[PDB]
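Participant: File name coords-v5.pdb; file contents PDB, C-alpha atoms and all ligand atoms; full text below.
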ATOM      1  CA  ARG A   8       0.000   0.000   0.000  1.00  0.00           C
ATOM      2  CA  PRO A   9       2.798   2.498   0.739  1.00  0.00           C
ATOM      3  CA  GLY A  10       3.573   2.527  -2.965  1.00  0.00           C
ATOM      4  CA  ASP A  11       0.015   3.649  -3.650  1.00  0.00           C
ATOM      5  CA  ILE A  12       0.346   6.643  -1.338  1.00  0.00           C
ATOM      6  CA  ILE A  13       3.674   7.553  -2.921  1.00  0.00           C
ATOM      7  CA  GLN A  14       2.254   7.393  -6.444  1.00  0.00           C
ATOM      8  CA  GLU A  15      -0.815   9.364  -5.352  1.00  0.00           C
ATOM      9  CA  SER A  16       1.477  12.086  -4.011  1.00  0.00           C
ATOM     10  CA  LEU A  17       3.410  12.076  -7.288  1.00  0.00           C
ATOM     11  CA  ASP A  18       0.213  12.289  -9.366  1.00  0.00           C
ATOM     12  CA  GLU A  19      -0.777  15.409  -7.446  1.00  0.00           C
ATOM     13  CA  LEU A  20       2.619  16.921  -8.297  1.00  0.00           C
ATOM     14  CA  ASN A  21       2.461  15.773 -11.926  1.00  0.00           C
ATOM     15  CA  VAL A  22       5.869  14.193 -11.294  1.00  0.00           C
ATOM     16  CA  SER A  23       6.857  11.175 -13.393  1.00  0.00           C
ATOM     17  CA  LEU A  24       8.654   8.012 -12.345  1.00  0.00           C
ATOM     18  CA  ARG A  25      11.999   9.131 -13.783  1.00  0.00           C
ATOM     19  CA  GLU A  26      11.758  12.557 -12.168  1.00  0.00           C
ATOM     20  CA  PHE A  27      10.923  10.854  -8.864  1.00  0.00           C
ATOM     21  CA  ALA A  28      13.858   8.433  -9.068  1.00  0.00           C
ATOM     22  CA  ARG A  29      16.138  11.334  -9.994  1.00  0.00           C
ATOM     23  CA  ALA A  30      15.147  13.438  -6.969  1.00  0.00           C
ATOM     24  CA  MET A  31      15.317  10.379  -4.691  1.00  0.00           C
ATOM     25  CA  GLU A  32      18.766   9.612  -6.079  1.00  0.00           C
ATOM     26  CA  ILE A  33      17.743   6.036  -6.897  1.00  0.00           C
ATOM     27  CA  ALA A  34      17.637   4.021 -10.120  1.00  0.00           C
ATOM     28  CA  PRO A  35      14.414   3.978 -12.198  1.00  0.00           C
ATOM     29  CA  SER A  36      13.966   0.243 -11.587  1.00  0.00           C
ATOM     30  CA  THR A  37      14.332   0.728  -7.827  1.00  0.00           C
ATOM     31  CA  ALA A  38      11.736   3.507  -7.939  1.00  0.00           C
ATOM     32  CA  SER A  39       9.306   1.243  -9.818  1.00  0.00           C
ATOM     33  CA  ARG A  40       9.867  -1.609  -7.357  1.00  0.00           C
ATOM     34  CA  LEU A  41       9.095   0.810  -4.537  1.00  0.00           C
ATOM     35  CA  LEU A  42       5.902   2.136  -6.139  1.00  0.00           C
ATOM     36  CA  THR A  43       4.569  -1.352  -6.963  1.00  0.00           C
ATOM     37  CA  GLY A  44       5.300  -2.717  -3.505  1.00  0.00           C
ATOM     38  CA  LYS A  45       7.832  -5.174  -4.896  1.00  0.00           C
ATOM     39  CA  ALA A  46      10.438  -3.533  -2.656  1.00  0.00           C
ATOM     40  CA  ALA A  47       9.900  -2.856   1.049  1.00  0.00           C
ATOM     41  CA  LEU A  48      10.211   0.738   2.265  1.00  0.00           C
ATOM     42  CA  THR A  49      13.422   0.752   4.325  1.00  0.00           C
ATOM     43  CA  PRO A  50      14.494   3.384   6.883  1.00  0.00           C
ATOM     44  CA  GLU A  51      16.801   5.056   4.354  1.00  0.00           C
ATOM     45  CA  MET A  52      13.975   5.193   1.822  1.00  0.00           C
ATOM     46  CA  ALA A  53      11.668   6.623   4.496  1.00  0.00           C
ATOM     47  CA  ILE A  54      14.147   9.428   5.151  1.00  0.00           C
ATOM     48  CA  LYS A  55      14.517  10.169   1.432  1.00  0.00           C
ATOM     49  CA  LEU A  56      10.728  10.254   0.916  1.00  0.00           C
ATOM     50  CA  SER A  57      10.343  12.657   3.839  1.00  0.00           C
ATOM     51  CA  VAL A  58      12.746  15.126   2.229  1.00  0.00           C
ATOM     52  CA  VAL A  59      11.776  14.623  -1.412  1.00  0.00           C
ATOM     53  CA  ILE A  60       7.996  14.247  -1.097  1.00  0.00           C
ATOM     54  CA  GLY A  61       7.050  15.276   2.429  1.00  0.00           C
ATOM     55  CA  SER A  62       5.739  14.288   5.861  1.00  0.00           C
ATOM     56  CA  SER A  63       7.971  12.439   8.352  1.00  0.00           C
ATOM     57  CA  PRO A  64      10.116   9.294   7.945  1.00  0.00           C
ATOM     58  CA  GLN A  65       7.948   7.539  10.535  1.00  0.00           C
ATOM     59  CA  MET A  66       4.758   8.284   8.600  1.00  0.00           C
ATOM     60  CA  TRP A  67       6.162   6.430   5.593  1.00  0.00           C
ATOM     61  CA  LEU A  68       7.528   3.593   7.737  1.00  0.00           C
ATOM     62  CA  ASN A  69       4.199   3.190   9.528  1.00  0.00           C
ATOM     63  CA  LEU A  70       2.371   2.782   6.212  1.00  0.00           C
ATOM     64  CA  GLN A  71       4.794  -0.074   5.580  1.00  0.00           C
ATOM     65  CA  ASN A  72       4.352  -1.508   9.065  1.00  0.00           C
ATOM     66  CA  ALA A  73       0.552  -1.280   8.916  1.00  0.00           C
ATOM     67  CA  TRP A  74       0.553  -3.295   5.708  1.00  0.00           C
ATOM     68  CA  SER A  75       3.108  -5.800   7.010  1.00  0.00           C
ATOM     69  CA  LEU A  76       1.372  -6.204  10.377  1.00  0.00           C
ATOM     70  CA  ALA A  77      -1.994  -6.638   8.653  1.00  0.00           C
ATOM     71  CA  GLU A  78      -0.575  -9.494   6.579  1.00  0.00           C
ATOM     72  CA  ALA A  79       1.442 -11.193   9.330  1.00  0.00           C
ATOM     73  CA  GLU A  80      -1.334 -10.931  11.934  1.00  0.00           C
ATOM     74  CA  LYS A  81      -3.383 -13.733  10.367  1.00  0.00           C
ATOM     75  CA  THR A  82      -0.318 -15.950   9.847  1.00  0.00           C
ATOM     76  CA  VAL A  83       0.806 -15.893  13.488  1.00  0.00           C
ATOM     77  CA  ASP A  84      -0.618 -18.454  15.911  1.00  0.00           C
ATOM     78  CA  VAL A  85      -1.818 -15.695  18.220  1.00  0.00           C
ATOM     79  CA  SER A  86      -4.639 -18.004  19.359  1.00  0.00           C
ATOM     80  CA  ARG A  87      -2.187 -20.146  21.321  1.00  0.00           C
ATOM     81  CA  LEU A  88       0.194 -17.466  22.602  1.00  0.00           C
ATOM     82  CA  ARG A  89      -0.270 -16.315  26.185  1.00  0.00           C
ATOM     83  CA  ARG A  90       0.572 -13.254  28.267  1.00  0.00           C
ATOM     84  CA  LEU A  91       3.589 -13.701  30.543  1.00  0.00           C
ATOM     85  CA  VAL A  92       2.797 -13.665  34.255  1.00  0.00           C
ATOM     86  CA  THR A  93       5.029 -12.242  36.979  1.00  0.00           C
ATOM     87  CA  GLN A  94       7.285 -15.042  38.251  1.00  0.00           C
TER      88      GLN A  94
HETATM   89 MG    MG A 101      18.953   2.506  -6.435  1.00  0.00          MG
END
Now that the file is in, can you turn its structure into structure tokens?
Ligand SMILES: [Mg+2]
Facilitator:
Amino acid sequence: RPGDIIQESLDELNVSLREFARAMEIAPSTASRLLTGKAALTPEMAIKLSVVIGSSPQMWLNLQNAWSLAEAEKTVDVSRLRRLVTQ
């Protein structure tokens, strides 16, 4: 999903993929992988997005985490895990 928000921000600016990659100082293919979600949004990328597009690094990272946590939540055996008690 983070890639969707990035592309939506770019559409509003009328900025193309190549112009985005150029400003981000990344290769075109890396930019595409980021926008399509084929490449996770790392801390360095979060920092770059904050400067180049806007908002804070955490905002971008949280979009990533929200998507990752949403996916992993149903794959974890939370049903059998228990809260630790004071020993
Ligand atoms: Mg690159």
Participant: Using all atoms listed in the file, which residues have at least one atom no more than 12 Å from ligand MG 101 (chain A)? Output them as a list in words.
Facilitator: residues 27, 28, 29, 30, 31, 32, 33, 34, 35, 36, 37, 38, 39, 40, 41, 46, 51, 52 and 55 of chain A
Participant: Check what the PyMOL selection byres (((chain A and resi 8) around 12) and not hetatm) selects in the file above and give those residues as a ChimeraX atom specification.
Facilitator: /A:9-15,41-48,67-75,77-78
Participant: For CA of residue 61 (chain A) and CA of residue 80 (chain A), quote the distance in Å rounded to one decimal.
Facilitator: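 So the two atoms, CA of residue 61 (chain A) and CA of residue 80 (chain A), lie 29.1 Å apart.
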Participant: Out of A:53, A:60, A:82, A:87, which residue has the shortest atom-to-atom distance to residue 22 (chain A) when counting all atoms listed in the file?
Facilitator: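 For residue 22 (chain A), the nearest of the candidates is A:60.
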